[PDB]
Amino acid sequence: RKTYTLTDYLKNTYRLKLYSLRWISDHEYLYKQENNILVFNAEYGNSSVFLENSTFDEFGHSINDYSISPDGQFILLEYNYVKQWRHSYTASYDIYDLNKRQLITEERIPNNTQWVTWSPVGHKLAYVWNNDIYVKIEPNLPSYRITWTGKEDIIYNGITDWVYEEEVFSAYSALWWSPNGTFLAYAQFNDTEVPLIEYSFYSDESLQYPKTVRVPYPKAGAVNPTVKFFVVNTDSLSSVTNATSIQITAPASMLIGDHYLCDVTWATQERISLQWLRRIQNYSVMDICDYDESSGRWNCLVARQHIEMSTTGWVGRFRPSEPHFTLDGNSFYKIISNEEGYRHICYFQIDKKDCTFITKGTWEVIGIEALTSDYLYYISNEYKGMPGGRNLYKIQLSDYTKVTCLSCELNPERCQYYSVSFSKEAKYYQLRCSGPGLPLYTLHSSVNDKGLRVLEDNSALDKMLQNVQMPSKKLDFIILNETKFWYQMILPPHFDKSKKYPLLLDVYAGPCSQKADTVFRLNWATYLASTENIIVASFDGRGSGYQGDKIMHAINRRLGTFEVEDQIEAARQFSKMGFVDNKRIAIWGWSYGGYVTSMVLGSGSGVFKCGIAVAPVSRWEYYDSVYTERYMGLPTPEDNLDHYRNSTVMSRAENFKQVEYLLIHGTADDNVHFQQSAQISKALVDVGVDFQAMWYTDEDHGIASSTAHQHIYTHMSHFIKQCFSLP
Amino acid sequence: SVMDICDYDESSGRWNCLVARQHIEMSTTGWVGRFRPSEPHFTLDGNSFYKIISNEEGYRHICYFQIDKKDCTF
Ligand SMILES: *[C@@H]1O[C@H](CO)[C@@H](O[C@@H]2O[C@H](CO)[C@@H](O)[C@H](O)[C@H]2NC(C)=O)[C@H](O)[C@H]1NC(C)=O
Ligand SMILES: Cc1ccc(-c2c(CN)c(CC(C)C)nc(C)c2C(=O)O)cc1
Ligand SMILES: *[C@@H]1O[C@H](CO)[C@@H](O)[C@H](O)[C@H]1NC(C)=O
Ligand SMILES: *[C@@H]1O[C@H](CO)[C@@H](O)[C@H](O)[C@H]1NC(C)=O
């Protein structure tokens with residue numbers, strides 16, 4: 001008799017269980033059962049105790065996170081967490097002798113520390129504090145300071161600046177240990193001439209004057225951060241004579257000006273691989289560098305260089321692909337765009353440049369997951385030719401024709417979207433199944449591909465969802481101009497197609513995106529279908545990923561065109577299916593999806609009655625260089641300025657007189673600046689179109705505060721119900 | 001005085017003087033060169049060159065430069 005309500009979504013009434021584990025070796029792992037930490041085994045099957053909350057109760061502070069040294073002699077405790085950007089944050093840390101569970105009382109790690117990490121083996125500690133790198137050889141000994149040039153908002157040693165964090169590395173750290181822990185590679189960033197985005201921060205009502213936050217942030221075209229790459233030998237670290245870091249420079253063809261470090265990957269104890277991307281992101285280079293023992297130097301040979309370029313677009317999905325190296329270091333595999341657009345695994349000889357593809361066909365490999373001397377494990381969307389499915393494939397390195405799907409046939413109906421987590425030498429592996437059924441977590445022996453045991457099956461959640469009228473999920477395709485274009489639909493319970501349902505188009509449509517897949521979700525859409533009897537739909541048009549460069553590069557230098565068109569055509573196609581109410585079709589999206597929603601509302605197509613845009617881009621000149629330029633080029637008279645000017649939502653203001661528009665934006669959005677939306681509202685004011693608006697004081701791009709998250713979704717519900725005349 | 005050595009970039013069409021290949025000439029007793037710095041004579045493969053410069057005795061002599069090293073040899 002009951003439905004999945006807005007409160008159910010906001011108060012998490014029906015929770016998805018996870019089996020988040022972390023491998024400590026090749027035989028055992030950890031799990032948070034209760035909130036006491038337990039060790040687990042797969043070998044003989046048994047699983048004993050290891051830690052608890054009352055090991056660190058009289059501690060005082062609540063632990064945000066922990067981390068075991070590879071050797072298992074030490075545990076690092078993370079508390080005083082203060083979030084910064086999407087990945088960056090600051091924190092305070094304590095180390096215990098995990099053997100004795102007593103805190104290392106002296107030579108403690110400093111407060112406000114910006115990143116910390118163990119070496120891959122032993123118990124070496126590397127942390128960054130005040131933008132400088134430090135090393136602690138034994139947790140109780142004094143640190144050795146590596147760099148002395150760290151300066152706030154200017155020089156970043158071992159950590160990323162704003163744009164390398166969001167766009168290049170998707171991480172705060174710019175530190176990379178060598179496999180045995182002798183060398184610490186790191187990057188240094190210089191934002192000296194990079195302009196600041198400035199915005200107000202209001203804080204608690206106690207703050208009498210608002211604070212102005214100033215972040216180095218290169219918008220399209222602006223001066224970018226420069227970069228340097230170093231390696232230092234963490235064994236011969238003296239105490240009387242400052243550490244000397246050896247610099248590895250970028251190849252010549254990069255230094256001609258404006259480039260990025262986009263990959264760092266070790267090969268052996270004495271071999272590291274770097275990838276550089278020109279600022280025009282259609283040309284990338286990989287340099288392989290050997291440590292010269294009778295020198296203390298790093299040499300990168302010109303012959304060893306390989307080149308990834310693209311004549312039809314940029315290189316990569318969002319970046320050049322990472323290389324996985326065979327144990328000797330003389331060979332590596334990396335996913336690249338194959339001869340005819342599809343992304344597949346190529347086999348590389350270190351010395352010569354002619355690689356050779358080990359997979360082919362009209363599907364893409366998503367990621368290379370594991371490497372042994374025997375086989376190679378990877379994930380892809382081949383099974384049943386479904387771009388939005390994921391399965392685990394194993395390929396025989398001696399015979400490339402002999403491939404095996406390890407996850408495909410396991411639970412066909414329930415499970416079409418897998419991810420995997422291997423043990424430290426790949427003798428065991430966990431399978432995450434994220435849908436279409438209820439997520440299922442299962443442990444396997446890779447030695448004989450036999451399934452060991454069910455870790456978590458969500459039978460608790462399964463139990464209560466029978467008391468609830470839940471929405472169904474349709475995944476299918478439509479043929480446009482002789483091409484397969486995929487869509488998904490969240491359909492009300494008891495869906496009957498002799499009725500005319502109101503339809504909300506849920507859009508992102510960004511370059512290389514996918515909103516049509518086999519993943520089970522419980523979200524705002526679940527509530528709209530379940531309670532409000534609304535169909536929620538998404539569609540992957542030209543520009544979306546995982547279906548070949550043809551489709552993805554289709555909007556190169558041409559944001560705001562074919563991905564905007566195709567969303568409109570998606571609606572038409574859905575209405576043409578005969579179970580949609582033509583007078584009640586809405587469109588909504590967040591971030592890039594905000595931009596597209598707005599362009600669609602500005603397009604005058606007359607299909608959409610109303611729409612919601614949340615933190616949208618309004619014109620591409622306002623957004624950060626790394627992301628924007630990759631798709632647009634430079635906004636200069638001799639490159640792509642014309643299109644920059646042709647693709648703003650401001651220019652389309654007049655057309656919003658045909659729709660109901662809700663524009664929402666957080667005032668502390670470091671990513672997509674309130675500016676972008678301020679320019680939208682001003683344009684609409686200046687042509688005289690009424691619209692709803694909502695700012696969120698001090699919320700960033702996530703609008704992720706508990707109370708704000710609740711507030712916005714409640715607000716958007718009201719808007720859609722009312723637009724749809726729902727009672 | 002600073003000598004730059006600049007290569008042509010095929011793929012862009014622009015020229016690149018690598019800071020690594022720059023060579024500095026200077027004097028702490030007078031001006032540089034006889035009436036100006038000396039002209040370089042490159043080997044056929046242009047990876048090395050010869051040049052008249054003042055040696056540690058004040059005498060001008062033919063120094064042999066590689067394109068990637070700071071120090072030549074006389
Ligand atoms: C970061 O880059 C800036 C240039 O953008 C460097 O600043 C220059 O440094 C030199 C040498 O000290 C000065 O003579 C120049 O006047 C500086 N120019 C500017 C614009 O500030 C700075 O040295 C770099 N820092 C590091 C550690 O790489
Ligand atoms: C205008 C705009 C704003 C943000 C993004 C975005 C990006 C890129 N900054 C990335 C980094 C990529 C590596 C996925 N992640 C996410 C989740 C988002 C997003 O919030 O959608 C893309 C466009
Ligand atoms: C961190 O800061 C607090 C408060 O000022 C102080 O009492 C504590 O000793 C500091 N801890 C470290 C690791 O220096
Ligand atoms: C190391 O170099 C720094 C900065 O260049 C200097 O201030 C300091 O004297 C040196 N440190 C030690 C411990 O010798």
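FYI, residue positions are counted from 1 along the chain as it appears here.
Method of determination (from the header): X-ray crystallography, 2.8 Å.
In case you wondered, yes, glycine gets a Cβ from its N, Cα and C as well.
According to its DSSP assignment, A:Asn46 (N-linked glycosylation site) is coil. Taking a C-beta cut-off of under 8 angstroms and a sequence separation of 6 or more, A:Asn46 (N-linked glycosylation site) has no same-chain neighbours. Taken from Swiss-Prot, the feature N-linked glycosylation site covers A:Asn46 (among others), and the record attributes it to experimental evidence.
Secondary structure at A:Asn53 (N-linked glycosylation site), as computed by DSSP, is coil. Look at Swiss-Prot and you will find A:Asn53 (among others) tagged as N-linked glycosylation site.
Swiss-Prot lists A:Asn111 (among others) with the feature N-linked glycosylation site. According to its DSSP assignment, A:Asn111 (N-linked glycosylation site) is coil. Taking the Cβ of A:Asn111 (N-linked glycosylation site) as reference, residues of its chain lying under 8 Å away and at least six apart in sequence are, in sequence order, A:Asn80, A:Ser92.
There are 15 other Cβ atoms within 10 Å of the Cβ belonging to A:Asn180 (N-linked glycosylation site). Taken from Swiss-Prot, the feature N-linked glycosylation site covers A:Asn180 (among others), and the record attributes it to experimental evidence.
Sequence annotations record features per position, and here Swiss-Prot assigns N-linked glycosylation site to A:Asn190 (among others). In sequence order, A:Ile154, A:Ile155, A:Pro225, A:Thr226, A:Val227, A:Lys228 are the residues of the chain that are 6 or more apart from A:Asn190 (N-linked glycosylation site) and have a CB within less than 8 Å of its CB.
Neighbour density for A:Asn242 (N-linked glycosylation site): within 10 A of its CB lie 12 other CB atoms from the protein chains shown. What Swiss-Prot records for A:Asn242 (among others) is N-linked glycosylation site.
In the three-state DSSP assignment, the secondary structure recorded for A:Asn282 (N-linked glycosylation site) is coil. Counting every protein chain shown, the Cβ of A:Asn282 (N-linked glycosylation site) has 17 other Cβ atoms within 10 Å. Sequence annotations record features per position, and here Swiss-Prot assigns N-linked glycosylation site to A:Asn282 (among others).
Using a 10 Å radius centred on the Cβ of A:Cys300 (disulfide bond) and all shown protein chains, the other Cβ atoms total 18. Per Swiss-Prot, disulfide bond is recorded for A:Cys289-A:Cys300 (among others).
Its own atom aside, the Cβ of A:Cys355 (disulfide bond) has 16 Cβ atoms within 10 angstroms in the protein chains shown. Marked as disulfide bond by Swiss-Prot on the basis of experimental evidence: A:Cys346-A:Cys355 (among others).
Per Swiss-Prot, disulfide bond is recorded for A:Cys405-A:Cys408 (among others). Cβ neighbours of A:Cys408 (disulfide bond) (same chain, under 8 Å, six or more residues apart in sequence): A:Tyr383, A:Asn391.
For the recorded site, A:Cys415 (disulfide bond), the DSSP three-state label reads strand. In sequence order, A:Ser407, A:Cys433, A:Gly435, A:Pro436, A:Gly437, A:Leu440 constitute the residues six or more apart from A:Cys415 (disulfide bond) in its chain with CB-CB distances below 8 Å. Here Swiss-Prot flags A:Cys415-A:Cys433 (among others) as disulfide bond.
Summarising the annotation, Swiss-Prot assigns N-linked glycosylation site to A:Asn481 (among others) and lists experimental evidence as the type of evidence. Taking Cβ-Cβ distances under 8 Å and a sequence gap of 6 or more within the same chain, A:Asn481 (N-linked glycosylation site) has no neighbours at all.
The Cβ neighbour count for A:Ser591 (active site, charge relay system), using a 10 Å radius and every protein chain shown, is 19. According to Swiss-Prot, the feature active site, charge relay system maps to A:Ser591 (among others), an assignment based on sequence analysis.
Sequence annotations record features per position, and here Swiss-Prot assigns disulfide bond to A:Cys610-A:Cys723 (among others) based on experimental evidence. Following the DSSP three-state reduction, the secondary structure of A:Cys610 (disulfide bond) is strand. A 10 Å cutoff on Cβ-Cβ distances gives A:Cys610 (disulfide bond) a total of 21 other Cβ atoms nearby, all chains included.
Annotation source Swiss-Prot lists N-linked glycosylation site at A:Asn646 (among others), citing experimental evidence. In the three-state DSSP assignment, the secondary structure recorded for A:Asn646 (N-linked glycosylation site) is helix. Counting every protein chain shown, the Cβ of A:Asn646 (N-linked glycosylation site) has 12 other Cβ atoms within 10 Å.
Annotation source Swiss-Prot lists active site, charge relay system at A:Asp669 (among others). Over all protein chains present, the Cβ of A:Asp669 (active site, charge relay system) has 22 other Cβ atoms lying within 10 Å.
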Practice problem: Do me a favour and check the Cα-Cα span between A:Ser591 (active site, charge relay system) and A:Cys355 (disulfide bond); whole Å is fine. | Solution: 38
Exercise. Taking ligand 1 as the reference, state which of the recorded positions A:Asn53, A:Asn190, A:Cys610, A:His701 have a Cβ closer than 6 Å to one of its atoms.
Key: A:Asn190
Quiz prompt | Fewest-neighbour residue among disulfide-bonded residues, criterion Cβ within 10 Å, set A:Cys433, A:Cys723 | solution = A:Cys723
Practice problem: Consider only the recorded positions A:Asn111, A:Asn242, A:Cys346, A:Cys405: which of them have a Cβ under 6 Å from an atom of ligand 3? Write none if no residue does. | Solution: A:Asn111
Quiz item: How big is the gap, in Å, between the Cα of A:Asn646 (N-linked glycosylation site) and that of A:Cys346 (disulfide bond), rounded to a whole number?
Solution: 39
Quiz item: Taking only the recorded positions A:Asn180, A:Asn282, A:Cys300, A:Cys610, which one has a CA atom nearest to the CA atom of A:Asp669 (active site, charge relay system)?
Solution: A:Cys610
Quiz item: Cα-Cα separation of A:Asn242 (N-linked glycosylation site) and A:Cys300 (disulfide bond), in Å?
Solution: 26
Quiz item: Looking at the recorded positions A:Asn53, A:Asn282, A:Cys346, A:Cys610, A:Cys723, which has the shortest Cα distance to A:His701 (active site, charge relay system)?
Solution: A:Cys610
Quiz prompt | By Cα-Cα distance, the member of recorded positions A:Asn180, A:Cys300, A:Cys346, A:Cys610 nearest A:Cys405 (disulfide bond) | solution = A:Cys346
